[PDB]
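Report on the structure given below.
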Amino acid sequence: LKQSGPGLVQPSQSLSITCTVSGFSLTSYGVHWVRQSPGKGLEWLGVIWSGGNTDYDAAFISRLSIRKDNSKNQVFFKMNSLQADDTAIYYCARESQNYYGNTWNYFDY
Amino acid sequence: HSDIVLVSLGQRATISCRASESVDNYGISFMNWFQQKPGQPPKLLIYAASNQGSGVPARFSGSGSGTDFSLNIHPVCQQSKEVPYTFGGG
Amino acid sequence: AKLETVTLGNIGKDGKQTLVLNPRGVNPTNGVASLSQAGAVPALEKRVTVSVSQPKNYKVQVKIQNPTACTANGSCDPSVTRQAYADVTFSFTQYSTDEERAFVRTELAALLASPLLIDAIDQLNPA
Amino acid sequence: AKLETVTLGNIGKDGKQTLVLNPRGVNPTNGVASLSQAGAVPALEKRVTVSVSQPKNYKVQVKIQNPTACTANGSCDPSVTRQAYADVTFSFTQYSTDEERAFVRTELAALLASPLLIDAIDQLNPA
């Protein structure tokens with residue numbers, strides 16, 4: 001996996017992060033996103049998978065646009081009107097839509 | 001919905017949650033475990049509450065049914081997964 | 001090999017439709033194994049059958065079917081009207097390596113979500 | 001409908017194998033459309049053919065094949081030895097809604113990445 005995005009932005013603007021993937025094929029898996037602050041432990045899994053664009057976290061519907069691609073594996077997302085006290089580090093993850101008994105692939109960051 | 005949880009011989013962490021989250025045919029207990037080092041992203045602990053995470057040593061395990069979970073790590077972050085996968089820390 | 005409960009998550013046109021399955025033994029007449037959804041009435045079974053062959057070549061066959069029904073006025077139970085047959089067969093040779101088989105597998109697995117096929121299935125306009 | 005260059009990203013046993021395609025016209029004899037990789041020699045073509053039918057029922061057919069070759073000592077060009085045929089047919093009825101068709105489509109699309117089929121394809125041990 002890879003990770004690249006601009007940091008230290010002045011407040012009240014948009015803010016976007018891209019990510020690729022060089023492991024699995026993005027069609028039959030899912031991408032997950034969490035934040036991690038010094039304030040709380042870590043937070044939501046309002047995420048997307050399978051190509052079907054799906055749900056968000058319940059508190060943050062008013063922001064968090066999301067897109068999924070297949071050109072080469074771009075899962076880049078964005079944020080509108082970045083409030084200044086949203087100081088954290090953002091983490092991406094993979095997920096398998098493939099429950100099989102209980103041995104089931106999960107969370108290789 | 002949300003939940004709350006808290007040199008040898010081991011200790012363990014307890015748990016408390018509202019919904020037992022028993023959605024399927026006994027592959028149900030979606031409670032998970034996480035510990036992180038500072039300069040690293042958190043490596044994955046045992047998933048589905050008893051099932052020995054991919055690439056973990058054997059000294060990690062967990063047990064228990066819904067809303068009653070446990071650790072045992074005697075030689076030496078928590079999250080639940082029904083719909084939005086919200087949780088807290090410890 | 002040792003098969004268990006296969007459940008697929010969140011498939012079908014959008015969002016929130018899961019799908020559980022259970023094994024239903026092995027048919028010893030030709031080796032076909034069966035998987036099925038725990039439906040209400042056993043005439044309405046989302047079923048998936050898999051098989052394999054032995055020699056010539058190989059005949060790895062996956063045959064999936066899932067009828068739907070309606071409470072037609074005139075019968076006690078609901079009754080099937082239509083079918084939704086789908087089948088896929090894989091033909092290899094004795095000398096094919098692991099790479100070719102995995103390539104064909106996940107190539108079909110990724111190509112079934114291309115927009116070409118979703119047009120050609122859900123609206124049937126060809127190229 | 002209006003088909004273009006279909007390229008799939010990062011498929012086959014691991015990681016770093018992309019796959020471009022190009023359209024190759026429409027065969028007017030029966031309506032089959034063709035897609036192909038821009039290979040070096042046109043006898044080595046990763047090809048994917050799609051079709052559809054007209055009435056009875058429907059016969060949406062996807063027929064994919066990709067031979068490989070080797071520089072056998074004795075010929076100028078490299079020559080094909082084996083095939084890797086794969087085909088999948090969909091049968092519907094006149095009265096099937098959109099939901100059933102989309103359900104069968106992405107059910108097969110997700111089930112082709114289940115560990116049951118990767119065992120049954122890459123190592124061929126059945127259930």
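Following the order of the structure tokens, first chain is A, next is B, and so on, with residues numbered from 1 inside each chain and ligands from 1 in the order they appear.
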
Considering only C-alpha atoms, give me a table of residues in chain C that are at most 6 Å from chain A, with the closest atom pair and distance in Å for each, as CSV.
residue,atom,partner,partner_atom,distance
C:4,CA,A:101,CA,5.4
C:5,CA,A:101,CA,5.1
C:6,CA,A:100,CA,4.7
C:7,CA,A:99,CA,5.4
C:8,CA,A:98,CA,5.9
C:9,CA,A:97,CA,5.7
C:14,CA,A:52,CA,5.9
C:110,CA,A:27,CA,5.9

How about saving the chosen residues, C-alpha atoms kept, as a JSON list (two decimals), in the first residue's frame?
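The resulting result.json:
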[["chain", "number", "residue", "atom", "x", "y", "z"],
["C", 4, "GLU", "CA", -17.90, -24.38, 5.59],
["C", 5, "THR", "CA", -20.59, -21.69, 5.74],
["C", 6, "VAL", "CA", -19.89, -19.29, 2.88],
["C", 7, "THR", "CA", -21.57, -15.94, 3.45],
["C", 8, "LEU", "CA", -21.16, -13.07, 1.01],
["C", 9, "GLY", "CA", -21.52, -9.49, 2.21],
["C", 14, "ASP", "CA", -26.61, -1.52, -4.03],
["C", 110, "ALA", "CA", -12.54, -8.43, -12.00]]

Go through chain B residue by residue and, counting only C-alpha atoms, keep those with an atom at most 12 Å from chain C; for each kept residue give the shortest atom pair and its distance in Å to one decimal, ordered by chain and increasing number, as a Markdown table.
| residue | atom | partner | partner_atom | distance |
| --- | --- | --- | --- | --- |
| B:23 | CA | C:18 | CA | 10.8 |
| B:24 | CA | C:20 | CA | 8.1 |
| B:25 | CA | C:5 | CA | 8.3 |
| B:26 | CA | C:5 | CA | 10.1 |
| B:27 | CA | C:5 | CA | 9.2 |
| B:83 | CA | C:16 | CA | 10.4 |

Counting only C-alpha atoms, which residues in chain A sit no more than 9 Å from chain B? For each one, give the nearest pair of atoms and the distance in Å, sorted by chain then residue number, as CSV.
residue,atom,partner,partner_atom,distance
A:40,CA,B:89,CA,7.0
A:41,CA,B:89,CA,4.9
A:42,CA,B:88,CA,7.2
A:43,CA,B:86,CA,6.5
A:44,CA,B:86,CA,5.4
A:45,CA,B:85,CA,5.5
A:46,CA,B:84,CA,6.0
A:47,CA,B:84,CA,8.6
A:55,CA,B:84,CA,8.4
A:56,CA,B:84,CA,7.8
A:57,CA,B:84,CA,6.4
A:58,CA,B:84,CA,7.8
A:91,CA,B:41,CA,8.0
A:99,CA,B:27,CA,8.7
A:101,CA,B:27,CA,6.7
A:102,CA,B:27,CA,5.9
A:103,CA,B:51,CA,7.2
A:104,CA,B:47,CA,8.5
A:105,CA,B:54,CA,7.8
A:106,CA,B:47,CA,7.9
A:107,CA,B:44,CA,6.6
A:108,CA,B:44,CA,7.4
A:109,CA,B:41,CA,7.5

(request) Name the residues of range 6-120 of chain D that fall into strand (DSSP E or B) according to DSSP on the backbone, using the chain letters and numbers of this document, as a ChimeraX atom specification. (result) /D:8,19,22-26,33-36,47-50,60-65,68-70,73,75,79-82,86-90

Selected residues written out with N, CA, C and O atoms, as a compact mmCIF listing (two decimals), in the first residue's frame:
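Dumped everything to out_27.txt:
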# COMPACT_ATOMS: atom_id res chain seq x y z
N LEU D 8 -8.13 -3.64 -17.23
CA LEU D 8 -8.24 -4.12 -15.86
C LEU D 8 -6.90 -3.91 -15.16
O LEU D 8 -5.84 -4.06 -15.78
N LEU D 19 -3.80 -5.19 -17.55
CA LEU D 19 -4.31 -5.84 -18.75
C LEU D 19 -5.11 -4.83 -19.56
O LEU D 19 -6.21 -4.46 -19.15
N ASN D 22 -8.76 -3.69 -26.37
CA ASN D 22 -9.26 -2.84 -27.43
C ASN D 22 -10.44 -3.54 -28.07
O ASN D 22 -10.50 -4.78 -28.08
N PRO D 23 -11.41 -2.79 -28.58
CA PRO D 23 -12.48 -3.42 -29.35
C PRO D 23 -11.98 -3.88 -30.70
O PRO D 23 -11.01 -3.34 -31.24
N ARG D 24 -12.63 -4.90 -31.23
CA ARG D 24 -12.26 -5.46 -32.52
C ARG D 24 -13.51 -5.68 -33.36
O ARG D 24 -13.75 -6.74 -33.93
N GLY D 25 -14.34 -4.65 -33.42
CA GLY D 25 -15.52 -4.67 -34.26
C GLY D 25 -16.62 -5.57 -33.71
O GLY D 25 -16.53 -6.12 -32.61
N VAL D 26 -17.67 -5.70 -34.50
CA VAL D 26 -18.81 -6.55 -34.19
C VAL D 26 -18.95 -7.57 -35.30
O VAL D 26 -19.02 -7.20 -36.48
N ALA D 33 -19.48 -9.51 -30.10
CA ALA D 33 -18.47 -8.46 -30.06
C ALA D 33 -17.21 -8.99 -29.42
O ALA D 33 -17.25 -9.85 -28.53
N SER D 34 -16.07 -8.46 -29.85
CA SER D 34 -14.77 -8.98 -29.45
C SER D 34 -13.93 -7.90 -28.81
O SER D 34 -14.01 -6.72 -29.17
N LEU D 35 -13.11 -8.31 -27.85
CA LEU D 35 -12.15 -7.46 -27.17
C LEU D 35 -10.83 -8.20 -27.14
O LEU D 35 -10.81 -9.43 -26.99
N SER D 36 -9.72 -7.47 -27.26
CA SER D 36 -8.45 -8.16 -27.42
C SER D 36 -7.30 -7.31 -26.91
O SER D 36 -7.35 -6.09 -26.95
N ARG D 47 -8.17 -12.71 -25.59
CA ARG D 47 -9.43 -12.28 -26.18
C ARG D 47 -10.61 -12.57 -25.28
O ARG D 47 -10.64 -13.57 -24.56
N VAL D 48 -11.58 -11.66 -25.31
CA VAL D 48 -12.82 -11.75 -24.55
C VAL D 48 -13.95 -11.44 -25.51
O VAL D 48 -13.98 -10.34 -26.08
N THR D 49 -14.87 -12.37 -25.69
CA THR D 49 -16.01 -12.14 -26.56
C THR D 49 -17.28 -12.08 -25.73
O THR D 49 -17.46 -12.86 -24.79
N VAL D 50 -18.16 -11.14 -26.07
CA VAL D 50 -19.45 -11.03 -25.41
C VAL D 50 -20.53 -11.11 -26.48
O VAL D 50 -20.29 -10.84 -27.66
N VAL D 60 -27.22 -14.65 -22.56
CA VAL D 60 -26.11 -13.70 -22.47
C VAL D 60 -24.81 -14.46 -22.23
O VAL D 60 -24.61 -15.03 -21.15
N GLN D 61 -23.92 -14.46 -23.22
CA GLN D 61 -22.78 -15.36 -23.24
C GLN D 61 -21.47 -14.58 -23.27
O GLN D 61 -21.29 -13.69 -24.11
N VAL D 62 -20.57 -14.92 -22.35
CA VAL D 62 -19.24 -14.31 -22.25
C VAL D 62 -18.22 -15.43 -22.37
O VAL D 62 -18.16 -16.31 -21.51
N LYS D 63 -17.41 -15.38 -23.41
CA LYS D 63 -16.50 -16.46 -23.79
C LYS D 63 -15.09 -15.88 -23.86
O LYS D 63 -14.79 -15.09 -24.75
N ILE D 64 -14.25 -16.26 -22.91
CA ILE D 64 -12.93 -15.67 -22.73
C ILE D 64 -11.86 -16.74 -22.95
O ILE D 64 -12.00 -17.88 -22.50
N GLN D 65 -10.81 -16.37 -23.68
CA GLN D 65 -9.75 -17.32 -23.96
C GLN D 65 -8.44 -16.57 -24.15
O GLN D 65 -8.42 -15.44 -24.63
N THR D 68 -1.25 -19.35 -24.56
CA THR D 68 0.16 -19.04 -24.37
C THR D 68 1.00 -19.89 -25.32
O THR D 68 0.53 -20.88 -25.88
N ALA D 69 2.25 -19.48 -25.49
CA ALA D 69 3.10 -20.07 -26.51
C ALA D 69 4.49 -20.32 -25.94
O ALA D 69 4.79 -20.00 -24.79
N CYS D 70 5.34 -20.90 -26.78
CA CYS D 70 6.73 -21.12 -26.46
C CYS D 70 7.51 -21.16 -27.77
O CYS D 70 7.00 -21.60 -28.80
N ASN D 73 11.87 -25.08 -30.85
CA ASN D 73 12.98 -25.14 -31.80
C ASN D 73 12.54 -25.91 -33.03
O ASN D 73 12.33 -27.13 -32.97
N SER D 75 10.60 -23.86 -35.66
CA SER D 75 9.74 -22.93 -36.37
C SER D 75 10.32 -21.53 -36.28
O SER D 75 11.11 -21.21 -35.39
N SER D 79 4.84 -20.67 -31.37
CA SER D 79 3.64 -21.41 -31.68
C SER D 79 2.85 -21.74 -30.42
O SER D 79 3.42 -21.99 -29.36
N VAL D 80 1.53 -21.75 -30.57
CA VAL D 80 0.65 -22.07 -29.47
C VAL D 80 0.71 -23.56 -29.17
O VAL D 80 0.80 -24.40 -30.09
N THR D 81 0.72 -23.91 -27.89
CA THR D 81 0.60 -25.30 -27.46
C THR D 81 -0.74 -25.58 -26.80
O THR D 81 -1.46 -26.48 -27.22
N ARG D 82 -1.08 -24.80 -25.78
CA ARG D 82 -2.24 -25.07 -24.95
C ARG D 82 -3.25 -23.93 -25.08
O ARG D 82 -2.95 -22.86 -25.60
N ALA D 86 -12.54 -20.47 -21.20
CA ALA D 86 -13.44 -20.23 -20.09
C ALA D 86 -14.68 -19.58 -20.68
O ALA D 86 -14.58 -18.74 -21.57
N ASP D 87 -15.85 -20.00 -20.21
CA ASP D 87 -17.08 -19.45 -20.76
C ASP D 87 -18.14 -19.42 -19.68
O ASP D 87 -18.14 -20.24 -18.76
N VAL D 88 -19.05 -18.46 -19.80
CA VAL D 88 -20.10 -18.28 -18.81
C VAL D 88 -21.36 -17.79 -19.51
O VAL D 88 -21.32 -16.86 -20.32
N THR D 89 -22.47 -18.47 -19.25
CA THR D 89 -23.73 -18.20 -19.92
C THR D 89 -24.79 -17.85 -18.88
O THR D 89 -24.86 -18.46 -17.82
N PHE D 90 -25.61 -16.86 -19.20
CA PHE D 90 -26.67 -16.38 -18.33
C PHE D 90 -28.00 -16.58 -19.03
O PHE D 90 -28.17 -16.16 -20.18

(request) Residues of chain C no more than 6 Å from chain D, counting only C-alpha atoms: send them over as a ChimeraX atom specification. (result) /C:1,12-13,84-92,98,101-103,106,109,112,125-127

(message) DSSP on the backbone: which residues in chain D end up as alpha helix (DSSP H)? Give the answer as a PyMOL selection string.
(response) chain D and resi 98-111+115-122

Please save N, CA and C atoms of the selected residues as a PDB file, in the first residue's frame.
ATOM      1  N   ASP D  98     -35.179  -6.141 -12.683  1.00  0.00           N
ATOM      2  CA  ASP D  98     -33.796  -5.680 -12.651  1.00  0.00           C
ATOM      3  C   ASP D  98     -33.038  -6.277 -11.468  1.00  0.00           C
ATOM      4  N   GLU D  99     -33.749  -6.488 -10.357  1.00  0.00           N
ATOM      5  CA  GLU D  99     -33.137  -6.896  -9.100  1.00  0.00           C
ATOM      6  C   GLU D  99     -32.506  -8.277  -9.201  1.00  0.00           C
ATOM      7  N   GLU D 100     -33.220  -9.230  -9.807  1.00  0.00           N
ATOM      8  CA  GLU D 100     -32.723 -10.598  -9.919  1.00  0.00           C
ATOM      9  C   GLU D 100     -31.477 -10.666 -10.785  1.00  0.00           C
ATOM     10  N   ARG D 101     -31.472  -9.915 -11.885  1.00  0.00           N
ATOM     11  CA  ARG D 101     -30.344  -9.934 -12.804  1.00  0.00           C
ATOM     12  C   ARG D 101     -29.105  -9.341 -12.150  1.00  0.00           C
ATOM     13  N   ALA D 102     -29.264  -8.198 -11.469  1.00  0.00           N
ATOM     14  CA  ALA D 102     -28.129  -7.600 -10.770  1.00  0.00           C
ATOM     15  C   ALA D 102     -27.635  -8.489  -9.636  1.00  0.00           C
ATOM     16  N   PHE D 103     -28.565  -9.192  -8.982  1.00  0.00           N
ATOM     17  CA  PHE D 103     -28.225 -10.081  -7.881  1.00  0.00           C
ATOM     18  C   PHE D 103     -27.366 -11.241  -8.356  1.00  0.00           C
ATOM     19  N   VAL D 104     -27.782 -11.900  -9.443  1.00  0.00           N
ATOM     20  CA  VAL D 104     -27.016 -13.020  -9.993  1.00  0.00           C
ATOM     21  C   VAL D 104     -25.652 -12.550 -10.481  1.00  0.00           C
ATOM     22  N   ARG D 105     -25.613 -11.364 -11.110  1.00  0.00           N
ATOM     23  CA  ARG D 105     -24.366 -10.803 -11.627  1.00  0.00           C
ATOM     24  C   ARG D 105     -23.332 -10.615 -10.531  1.00  0.00           C
ATOM     25  N   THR D 106     -23.636  -9.764  -9.563  1.00  0.00           N
ATOM     26  CA  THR D 106     -22.602  -9.508  -8.576  1.00  0.00           C
ATOM     27  C   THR D 106     -22.456 -10.632  -7.560  1.00  0.00           C
ATOM     28  N   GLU D 107     -23.412 -11.566  -7.483  1.00  0.00           N
ATOM     29  CA  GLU D 107     -23.204 -12.757  -6.674  1.00  0.00           C
ATOM     30  C   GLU D 107     -22.113 -13.627  -7.266  1.00  0.00           C
ATOM     31  N   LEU D 108     -22.149 -13.836  -8.585  1.00  0.00           N
ATOM     32  CA  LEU D 108     -21.059 -14.572  -9.219  1.00  0.00           C
ATOM     33  C   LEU D 108     -19.755 -13.786  -9.148  1.00  0.00           C
ATOM     34  N   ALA D 109     -19.846 -12.456  -9.272  1.00  0.00           N
ATOM     35  CA  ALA D 109     -18.655 -11.612  -9.238  1.00  0.00           C
ATOM     36  C   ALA D 109     -17.965 -11.636  -7.882  1.00  0.00           C
ATOM     37  N   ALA D 110     -18.727 -11.742  -6.801  1.00  0.00           N
ATOM     38  CA  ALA D 110     -18.107 -11.846  -5.492  1.00  0.00           C
ATOM     39  C   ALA D 110     -17.725 -13.277  -5.154  1.00  0.00           C
ATOM     40  N   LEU D 111     -18.467 -14.260  -5.659  1.00  0.00           N
ATOM     41  CA  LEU D 111     -18.179 -15.642  -5.323  1.00  0.00           C
ATOM     42  C   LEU D 111     -16.950 -16.164  -6.048  1.00  0.00           C
ATOM     43  N   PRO D 115     -12.542 -18.320  -1.070  1.00  0.00           N
ATOM     44  CA  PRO D 115     -11.413 -19.261  -1.001  1.00  0.00           C
ATOM     45  C   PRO D 115     -11.749 -20.651  -1.498  1.00  0.00           C
ATOM     46  N   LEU D 116     -13.036 -21.013  -1.496  1.00  0.00           N
ATOM     47  CA  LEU D 116     -13.486 -22.277  -2.070  1.00  0.00           C
ATOM     48  C   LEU D 116     -13.093 -22.381  -3.536  1.00  0.00           C
ATOM     49  N   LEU D 117     -13.366 -21.339  -4.310  1.00  0.00           N
ATOM     50  CA  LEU D 117     -13.012 -21.416  -5.715  1.00  0.00           C
ATOM     51  C   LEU D 117     -11.525 -21.251  -5.967  1.00  0.00           C
ATOM     52  N   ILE D 118     -10.783 -20.552  -5.103  1.00  0.00           N
ATOM     53  CA  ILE D 118      -9.359 -20.438  -5.402  1.00  0.00           C
ATOM     54  C   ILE D 118      -8.669 -21.762  -5.113  1.00  0.00           C
ATOM     55  N   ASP D 119      -9.143 -22.511  -4.109  1.00  0.00           N
ATOM     56  CA  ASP D 119      -8.677 -23.885  -3.939  1.00  0.00           C
ATOM     57  C   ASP D 119      -9.072 -24.739  -5.138  1.00  0.00           C
ATOM     58  N   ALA D 120     -10.348 -24.676  -5.531  1.00  0.00           N
ATOM     59  CA  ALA D 120     -10.871 -25.537  -6.584  1.00  0.00           C
ATOM     60  C   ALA D 120     -10.348 -25.195  -7.972  1.00  0.00           C
ATOM     61  N   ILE D 121      -9.725 -24.040  -8.158  1.00  0.00           N
ATOM     62  CA  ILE D 121      -9.119 -23.689  -9.430  1.00  0.00           C
ATOM     63  C   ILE D 121      -7.611 -23.846  -9.395  1.00  0.00           C
ATOM     64  N   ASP D 122      -6.931 -23.212  -8.443  1.00  0.00           N
ATOM     65  CA  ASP D 122      -5.480 -23.238  -8.487  1.00  0.00           C
ATOM     66  C   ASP D 122      -4.888 -24.535  -7.966  1.00  0.00           C
TER      67      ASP D 122
END

(request) Go ahead and compute the interatomic distance for CA of residue 49 in chain B and CA of residue 1 in chain A, in Å to one decimal. (result) 26.4 Å

(message) Show me, as a PyMOL selection string, the residues that have an atom within 9 Å of residue 11 in chain B when counting only C-alpha atoms, minus same-chain residues fewer than 2 positions from it.
(response) chain B and resi 8-9+13+71-74

(request) For CA of residue 8 in chain A and CA of residue 66 in chain A, quote the distance in Å rounded to one decimal. (result) 21.3 Å

(message) As an exercise, work out the distance from CA of residue 16 in chain C to CA of residue 19 in chain A in Å and give it to one decimal place.
(response)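 Distance between the two atoms: 25.9 Å.
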